[PDB]
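Worksheet: the structure to be examined is printed underneath.
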Amino acid sequence: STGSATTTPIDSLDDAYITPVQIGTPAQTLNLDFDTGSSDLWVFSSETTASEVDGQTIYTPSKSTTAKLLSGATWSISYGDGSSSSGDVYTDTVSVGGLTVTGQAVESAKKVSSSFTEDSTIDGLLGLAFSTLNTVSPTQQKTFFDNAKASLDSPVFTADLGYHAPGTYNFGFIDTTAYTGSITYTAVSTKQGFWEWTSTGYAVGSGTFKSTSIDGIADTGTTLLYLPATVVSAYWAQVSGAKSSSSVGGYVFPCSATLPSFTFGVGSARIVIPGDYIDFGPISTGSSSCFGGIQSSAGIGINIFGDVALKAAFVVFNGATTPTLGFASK
C-alpha cells in the first residue's frame, strides 16, 4: 500500500502545515499537524474542555462505529515551545491520503494549552517520530507510520513542504519526479526517539563552506531552524542591522533587508535555503522589525532542522530496520 496527501501552510508565513486525515466510520476529517518531532496522534474532540475549543474541528468518537475506548489509557504531552495537551485514548480507523490503519491509537484531548486553542486551523497532531516517545500510559502506543509499515510497499515516508505553497506527504514510496538530482542518505540515531542526524557543515550566502559536524533533528513540527550560537551569529552578521533581541526572543532584522541564503551539508551534498525562506515577517503588525527564521538552539539542548530547512528539500524518512534520512534538492 501507499498513501499521498497534500499538506498546506496554515498562514502566509508557513508557521505550520496541516494535512487532512480521516478518522472513524463514517469518516471524520480533521486537519492535523504532521510532526516528525513527536509520537502522539492527538485530536481536539467532543471531550475537550469547551472553553479550550475555538474554531477547531473535533473528533466525536460516539459517532464512529469503529471507535473503541482504550480502557484505562491516558496521555499527557509537553512540547518544546511550552505548549501541552492531555486526555484519554480511543482506537479507531485512520486514513491518510488513501492509506488506512485499523486500530490506531487516537488520543482524545480533554485539555489543551492556550497556544492550541488560539490556533483555529490545527485540529490536532500526528506524530511521526519513533514510537518510544509516545506518551500513552500504562501501555505505550505506536505511531501511524509504525502501524502502517508492514503494509507499505517500502517502509518510508517523505516530506515535501512548500514555501508559501502546498506540498506533499507520501507514505510507502519515493516520488522520483518530486526532486532534482540524487537523494543523499545519512545516518540516524534513534537513541533520543528523534530523526537525529549529523550535518556536515554550513555556508552563509556565497561564502565558503565550513566543514563542521552539527547534530540535530529533522522536525516538521518546528517552524524555524535552530542551530548553535556560533553558526547563527555568523549568519546574522551578514545582515545590516540584525541583532538578537531578548525582549522579542531571538534575532530580528530590518524588514527592508534582503537576506542571504543559508546552506547546510548532508554528507558531500548541499541544501540551499533561499534568503526569503528565512524572513518571518514583522514582529508585530505594522512593525519594520522582522523576525528571523534562523535562531539559536542554545538553551533548547538540541539543534532543530525545522520547516525553514526541510522545505528547501525533498526529505526521505527511511524507517527500515536501520533508519536513515535522505535529502534531495527540488
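We're sticking with Swiss-Prot numbering for chain A, so the shown stretch reads 90-419, in order.
Yeah, the Cβs are placed from backbone N, Cα and C, and that goes for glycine too.
Among the features that Swiss-Prot reports, domain 'Peptidase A1' is placed at 106-417, with the record citing sequence analysis. Residues or ranges marked as active site in Swiss-Prot: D124, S288. The disulfide bond feature in Swiss-Prot is assigned to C344-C379.
For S288 (active site), the nearest neighbour among the listed recorded positions (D124, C344, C379), judged by C-alpha distance, is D124. Over all protein chains present, the Cβ of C379 (disulfide bond) has 22 other Cβ atoms lying within 10 Å.
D124 (active site) is 26 Å away from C379 (disulfide bond) when you measure Cα to Cα. There are 21 other CB atoms within 10 A of the CB of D124 (active site), with all protein chains counted.
The least crowded of the recorded positions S288, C344, judged by other CB atoms within 10 A of its own CB, is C344.
Separating the Cα atoms of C344 (disulfide bond) and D124 (active site) is a whole-number distance of 30 Å.
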